Amino acid sequence: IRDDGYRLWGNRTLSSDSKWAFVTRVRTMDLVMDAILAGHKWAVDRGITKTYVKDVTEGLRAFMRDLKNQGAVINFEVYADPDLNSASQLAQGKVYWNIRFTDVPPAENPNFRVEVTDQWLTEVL
Amino acid sequence: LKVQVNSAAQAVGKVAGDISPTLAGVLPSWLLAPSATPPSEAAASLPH
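Determination of this PDB entry was carried out by cryo-EM to a resolution of 3.5 Å, according to the record.

Structural data, given as C-alpha coordinates:
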(Lines give C-alpha, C1' and ligand atoms only; values in the text may rest on other atoms or scores of the structure.)
Protein backbone atom coordinates (compact mmCIF):
# COMPACT_ATOMS: atom_id res chain seq x y z
CA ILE A 1 0.00 0.00 0.00
CA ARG A 2 2.09 2.91 1.21
CA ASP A 3 4.92 4.79 -0.56
CA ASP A 4 4.75 2.29 -3.49
CA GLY A 5 6.59 -0.70 -2.09
CA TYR A 6 7.18 0.26 1.53
CA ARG A 7 4.77 -1.94 3.52
CA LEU A 8 2.30 -4.78 3.18
CA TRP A 9 -1.23 -4.07 4.42
CA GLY A 10 -3.96 -6.51 5.36
CA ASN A 11 -4.14 -9.62 7.51
CA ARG A 12 -7.42 -11.40 6.77
CA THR A 13 -7.25 -14.71 4.93
CA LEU A 14 -9.50 -16.16 2.26
CA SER A 15 -11.96 -17.72 4.71
CA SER A 16 -15.72 -18.16 4.66
CA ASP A 17 -15.87 -18.28 8.46
CA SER A 18 -15.62 -15.07 10.47
CA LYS A 19 -14.12 -17.13 13.31
CA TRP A 20 -11.07 -17.94 11.14
CA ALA A 21 -10.87 -14.57 9.40
CA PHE A 22 -7.40 -13.51 10.54
CA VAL A 23 -4.20 -15.30 9.65
CA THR A 24 -3.13 -14.95 13.29
CA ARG A 25 -6.14 -17.03 14.25
CA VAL A 26 -4.88 -19.65 11.79
CA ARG A 27 -1.13 -19.35 12.44
CA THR A 28 -1.45 -19.51 16.23
CA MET A 29 -3.79 -22.48 15.79
CA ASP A 30 -1.12 -24.58 14.10
CA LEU A 31 2.12 -23.13 15.49
CA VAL A 32 1.25 -23.71 19.10
CA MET A 33 -0.11 -27.22 18.43
CA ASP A 34 3.10 -28.25 16.71
CA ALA A 35 5.13 -26.42 19.37
CA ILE A 36 3.07 -28.35 21.93
CA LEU A 37 4.33 -31.49 20.17
CA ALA A 38 7.94 -30.30 19.93
CA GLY A 39 9.23 -31.09 23.40
CA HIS A 40 6.33 -33.42 24.17
CA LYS A 41 7.38 -36.00 21.57
CA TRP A 42 7.40 -38.55 24.43
CA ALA A 43 3.58 -38.67 24.40
CA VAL A 44 3.45 -41.43 21.74
CA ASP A 45 5.34 -43.88 23.98
CA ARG A 46 5.55 -44.32 27.78
CA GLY A 47 2.30 -46.28 27.91
CA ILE A 48 -0.77 -45.36 29.90
CA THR A 49 -0.07 -45.78 33.59
CA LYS A 50 -1.77 -43.89 36.42
CA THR A 51 0.65 -40.96 36.32
CA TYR A 52 0.84 -40.76 32.50
CA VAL A 53 -2.51 -39.02 31.97
CA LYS A 54 -1.45 -36.77 34.83
CA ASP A 55 2.10 -36.37 33.47
CA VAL A 56 1.22 -34.45 30.32
CA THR A 57 -1.91 -32.65 31.55
CA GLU A 58 0.44 -30.30 33.39
CA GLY A 59 3.16 -30.99 30.85
CA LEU A 60 1.02 -28.98 28.47
CA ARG A 61 -0.13 -26.57 31.19
CA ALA A 62 3.49 -25.75 32.02
CA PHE A 63 4.33 -25.29 28.34
CA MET A 64 1.28 -23.22 27.42
CA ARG A 65 1.88 -20.89 30.36
CA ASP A 66 5.24 -20.27 28.70
CA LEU A 67 3.24 -19.32 25.61
CA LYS A 68 0.96 -17.16 27.76
CA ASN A 69 3.81 -15.26 29.43
CA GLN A 70 5.56 -14.42 26.14
CA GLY A 71 2.27 -13.11 24.76
CA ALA A 72 1.59 -15.90 22.25
CA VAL A 73 -1.82 -16.52 23.82
CA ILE A 74 -3.94 -14.95 26.51
CA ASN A 75 -5.44 -17.02 29.33
CA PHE A 76 -6.11 -20.70 28.68
CA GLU A 77 -7.14 -23.96 30.30
CA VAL A 78 -5.74 -27.48 29.86
CA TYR A 79 -7.57 -30.45 31.35
CA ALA A 80 -8.04 -34.14 30.68
CA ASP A 81 -11.34 -35.16 29.12
CA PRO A 82 -13.64 -36.59 31.83
CA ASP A 83 -16.39 -38.29 29.84
CA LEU A 84 -14.80 -39.53 26.62
CA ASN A 85 -11.84 -41.11 28.42
CA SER A 86 -12.81 -44.69 29.22
CA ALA A 87 -11.10 -48.02 29.77
CA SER A 88 -12.72 -49.48 26.64
CA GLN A 89 -10.58 -47.27 24.38
CA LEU A 90 -7.67 -46.74 26.76
CA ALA A 91 -6.61 -50.28 25.89
CA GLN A 92 -6.98 -49.23 22.25
CA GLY A 93 -4.45 -46.42 22.85
CA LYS A 94 -6.82 -43.47 22.58
CA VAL A 95 -6.83 -40.97 25.45
CA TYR A 96 -8.16 -37.44 25.13
CA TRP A 97 -7.14 -34.02 26.42
CA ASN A 98 -9.16 -30.82 26.06
CA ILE A 99 -7.26 -27.64 25.16
CA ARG A 100 -9.05 -24.29 25.32
CA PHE A 101 -7.10 -21.12 24.65
CA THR A 102 -7.94 -17.70 23.31
CA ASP A 103 -5.30 -15.83 21.34
CA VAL A 104 -4.30 -12.19 21.02
CA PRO A 105 -6.33 -10.11 18.55
CA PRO A 106 -4.44 -7.94 16.05
CA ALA A 107 -5.34 -4.26 16.36
CA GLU A 108 -6.19 -3.66 12.72
CA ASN A 109 -8.61 -0.82 13.58
CA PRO A 110 -7.81 1.20 16.71
CA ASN A 111 -10.56 3.71 17.50
CA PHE A 112 -9.86 6.83 19.58
CA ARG A 113 -12.80 8.33 21.41
CA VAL A 114 -11.16 11.58 22.50
CA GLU A 115 -12.77 13.32 25.47
CA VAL A 116 -11.65 16.32 27.51
CA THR A 117 -12.52 17.64 30.97
CA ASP A 118 -11.03 19.57 33.89
CA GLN A 119 -11.92 17.38 36.89
CA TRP A 120 -14.97 15.28 35.95
CA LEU A 121 -17.04 16.98 33.21
CA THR A 122 -16.76 19.32 30.25
CA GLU A 123 -16.67 22.69 32.01
CA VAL A 124 -17.02 24.72 28.79
CA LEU A 125 -20.08 22.80 27.61
CA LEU B 1 50.80 29.44 -19.75
CA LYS B 2 47.23 29.97 -18.54
CA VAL B 3 46.48 31.31 -22.04
CA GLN B 4 48.34 28.90 -24.33
CA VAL B 5 47.79 25.61 -22.49
CA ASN B 6 44.11 26.42 -21.95
CA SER B 7 43.88 27.18 -25.67
CA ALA B 8 45.62 23.85 -26.23
CA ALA B 9 43.28 22.03 -23.84
CA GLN B 10 40.28 23.59 -25.59
CA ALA B 11 41.78 22.44 -28.89
CA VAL B 12 42.15 18.85 -27.67
CA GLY B 13 38.63 18.86 -26.24
CA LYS B 14 37.18 19.94 -29.57
CA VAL B 15 38.97 17.15 -31.45
CA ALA B 16 38.48 14.48 -28.77
CA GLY B 17 35.92 15.19 -26.07
CA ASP B 18 36.18 13.89 -22.54
CA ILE B 19 34.59 10.72 -21.22
CA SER B 20 31.36 11.18 -19.28
CA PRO B 21 31.75 11.14 -15.48
CA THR B 22 30.19 7.70 -14.97
CA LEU B 23 28.34 6.94 -11.74
CA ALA B 24 28.98 3.85 -9.63
CA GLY B 25 27.94 5.21 -6.22
CA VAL B 26 24.22 5.39 -6.98
CA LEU B 27 22.36 3.99 -3.98
CA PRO B 28 18.64 3.33 -3.45
CA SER B 29 16.51 5.36 -1.04
CA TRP B 30 17.03 2.94 1.88
CA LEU B 31 20.57 3.22 3.24
CA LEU B 32 19.69 6.66 4.58
CA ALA B 33 16.12 5.85 5.72
CA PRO B 34 15.09 4.74 9.24
CA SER B 35 13.06 1.60 9.84
CA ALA B 36 9.90 3.27 11.16
CA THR B 37 8.39 0.00 12.39
CA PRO B 38 8.38 -0.38 16.19
CA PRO B 39 10.79 -2.94 17.65
CA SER B 40 9.94 -6.23 19.34
CA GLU B 41 10.22 -4.52 22.73
CA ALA B 42 7.12 -2.39 22.13
CA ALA B 43 5.07 -5.48 21.22
CA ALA B 44 6.22 -7.53 24.22
CA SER B 45 3.92 -8.94 26.91
CA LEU B 46 5.15 -6.56 29.61
CA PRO B 47 3.74 -3.12 30.46
CA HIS B 48 6.42 -0.51 29.94
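> Would you mind going over the overall build of chain A in detail, with residue names and values included?
Of the regular secondary structure elements, chain A holds four helices and two strands. Each helix and strand of chain A, ordered N terminal to C terminal, gives the series α-α-α-β-α-β. Taking 125 residues into account, the globule formula puts the C-alpha radius of gyration at 14 Å, and chain A, at 22 Å, lies well above it. Along the first, second and third principal axes, the C-alpha atoms of chain A reach 75 × 45 × 25 Å. In chain A, which comprises 125 residues, the proportion classed as buried is 17%. Contacts spanning at least 24 positions in sequence make up 41% of the contacts within chain A whose residues lie at least 6 apart. Within the structure as shown, chain A displays about 10,300 Å² of accessible surface, and the carbon and sulfur contribution to it stands at 55%. Mean positive and mean negative side-chain charge positions of chain A (16 and 17 charges, respectively) differ by 6 Å.

> Quick one: what's the story with the side chain of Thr57 of chain A, residue by residue and with numbers?
Turning to its location among the elements, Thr57 of chain A is positioned in helix α2 (residues 50-57). Sequence-distant contacts of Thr57 of chain A, that is, excluding residues within four places in its chain, are made with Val78, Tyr79, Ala80 and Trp97 of chain A.

> With reference to specific residues and values, describe helix α3 (residues 59-69) of chain A.
Residue and element names in this part refer to chain A. All buried positions along α3 are accounted for by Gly59, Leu60, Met64 and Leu67. Down the axis, α3 shows its buried residues gathered within 110° of arc, on one side only. Packed against the buried residues of α3 are α2, β1 (73-80) and β2 (97-103). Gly71 sits one or two positions beyond α3 and adopts a positive phi of about 90°.

> Account for unusual backbone geometry, with residues named and values stated.
All names here are of chain A. Here the phi dihedral of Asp3 falls at roughly 55°; this positive angle occurs in a residue that is not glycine. Inspection of the secondary structure assignment puts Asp3 in the segment before α1 (23-30). Residue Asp3 is classed as exposed on the basis of its relative accessible area, which comes to 58%. A positive phi angle, near 55°, is found at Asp4, a position not held by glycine. Relative to the assigned elements, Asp4 resides in the segment before α1.

> Before we move on, can you summarise the side chain of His40 of chain A with the specific residues and values?
Residue and element names in this part refer to chain A. Mapped onto the fold, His40 is located in the loop between α1 and α2. Overall, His40 belongs to the buried group, its relative accessible area being 12%. In terms of polar contacts, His40 uses its side chain to reach the backbone carbonyl oxygen of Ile36, at 3.0 Å. Once residues lying within four places of it in the same chain are set aside, the contact partners of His40 are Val56, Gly59, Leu60 and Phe63.

> Break down the interface of chain B and chain A for me, with residues and values.
With four residues of chain B at the contact, the number on the chain A side is five residues. Taken together, the two surfaces of chain B and chain A that pack against each other cover about 250 Å², and 31% of this comes from carbon and sulfur. Considering only the side of chain B, the residues that lose the most area to chain A are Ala36, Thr37 and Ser45 of chain B, jointly responsible for 92% of the buried surface there. For the pair chain B and chain A, the interface holds zero salt bridges.

Reading the values: the criteria
Residues numbered from 1 in each chain as written, not as in the entry; some residues may be left out. Chains lettered and ligands numbered in written order. Part of a larger assembly, values for the part shown. Heavy atoms only, no water. Helix = DSSP H or I, 4+ residues; strand = E, 2+ residues; numbered from the N terminus. Rg over C-alpha atoms; globule rule 2.2 N^0.38 Å. Buried < 20%, exposed > 50% of the residue type's maximum accessible area, 1.4 Å probe, protein only. Contact = heavy atoms within 4.5 Å. Areas by Shrake-Rupley, 256 points an atom, 1.4 Å probe, with all protein chains shown as cover. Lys, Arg positive; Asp, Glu negative; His and termini not counted. Charge placed at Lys NZ, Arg CZ, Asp CG, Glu CD. Arc of directions from axis to C-beta. Polar contact = N/O pair within 3.5 Å; in protein donor to acceptor, adjacent residues only side chain to side chain. Buried area = accessible area lost by both parts, 1.4 Å probe. Salt bridge = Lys/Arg side-chain N within 4 Å of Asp/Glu carboxyl O.

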